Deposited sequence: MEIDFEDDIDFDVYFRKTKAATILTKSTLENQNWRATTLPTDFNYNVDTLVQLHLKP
């Protein structure tokens, strides 16, 4: 519920300071993307010719 009655000094909220955006330094797709091999332990007991 929002009380529109009491005169709140909204300057505290809208006022400017430091610092708004993420720093220039800050990353790669390596973090976002999945890495594409499969080795089943059964292949360890299996033959090459059959």
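Missing C-alpha coordinates: which residue stretches of the deposited sequence does that apply to?
In sequence order, the gaps with no modelled C-alpha are 1, 28-31, 42, 57.
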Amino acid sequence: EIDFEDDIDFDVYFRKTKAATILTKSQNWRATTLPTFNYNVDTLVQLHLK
From here on, numbers count along this sequence of modelled residues.
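Identify the stretch, either 38-46 or 10-18, whose C-alpha atoms have the larger mean B-factor according to the entry.
Taking the mean C-alpha B-factor of 38-46 and of 10-18, the larger value falls to 38-46.
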